[PDB]
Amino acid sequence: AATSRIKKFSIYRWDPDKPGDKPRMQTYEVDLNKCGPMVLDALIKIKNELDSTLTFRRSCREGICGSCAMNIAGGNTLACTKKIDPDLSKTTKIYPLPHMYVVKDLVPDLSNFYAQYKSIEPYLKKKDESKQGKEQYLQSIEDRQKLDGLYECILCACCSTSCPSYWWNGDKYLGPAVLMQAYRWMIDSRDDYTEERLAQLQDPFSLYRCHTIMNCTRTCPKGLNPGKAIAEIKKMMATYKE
């Protein structure tokens, strides 16, 4: 109502349709008294009420779809679940996921990331696939438990775009996102290609560019630990037999 609390946001901007445009930071003032508690709430309010040209991804609005991942106050997170910092003395800086080709504004081109995911064959593979569809495969509570902390990934790419290794060798290093998923299939008690899944990582980059920086785990919006999955892979990588 009456008695505002104006917060400033410096957001990255780049129009691929303004010939010869240069990335620039634009600042927006928002009244937190007439805005939802989340940064996405702020981003939407801005596009709706001050600059409908501010472009970005969003959909779910509850942190499950992974669409809105961006860099807020130097860290990768989901705009839709990151509380706006109430300290009016600070201007929150919003950038696109780091080291990514910017398609427009806060929208990164994630196709390489998607292709990397495709490359590890994230889907159940059984030697005999002659019986697909006749009966539920059996999996114990204990084996289904090993999947917790792995299946929840929403493929948001915050962790991978936070890892310096992926910043320097993203073309060959799969990244925490995809690697954890590769591990997600390695330990599914129902999959029969564990050895082949490891074989695919027998090169200097795919997996071994991880030097345990742990930015990934710190940045994960779902509280997942890709960094640890990666280390379990290394232990398998170095114990499996042909």
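So that there is no doubt, residue numbering starts at 1 and follows the sequence shown.
Mean Cα B factor from the PDB record: higher for 149-157, or higher for 76-84? 76-84 has the higher mean C-alpha B-factor.
Per the PDB record, is the mean Cα temperature factor higher over 209-217 or over 192-200? The recorded data point to 192-200.
Out of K118, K127, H99, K172, which residue has the highest Cα temperature factor in the PDB record? Of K118, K127, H99, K172, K127 has the highest C-alpha B-factor.
Splitting the chain's C-alpha B-factors into thirds, which one does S89 fall into? For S89, whose C-alpha B-factor we compare with every modelled residue in the chain, the answer is the highest third.
Place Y28 in the lowest, middle or highest third of its chain's C-alpha B-factors, as listed in the PDB entry. According to the entry, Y28 has a C-alpha B-factor in the chain's highest third.
Compared with the other modelled residues in the chain, in which third is the CA B-factor of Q181? For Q181, the deposited C-alpha B-factor lands in the lowest third.
Within this chain's modelled residues, let me know which third the CA B factor of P164 belongs to: lowest, middle or highest. Lowest third - that is where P164 ends up once the chain's C-alpha B-factors are sorted.
Can you work out whether the C-alpha temperature factor of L54 puts it in the lowest, middle or highest third of the chain? As the PDB entry reports it, the C-alpha B-factor of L54 lands in the highest third of its chain.
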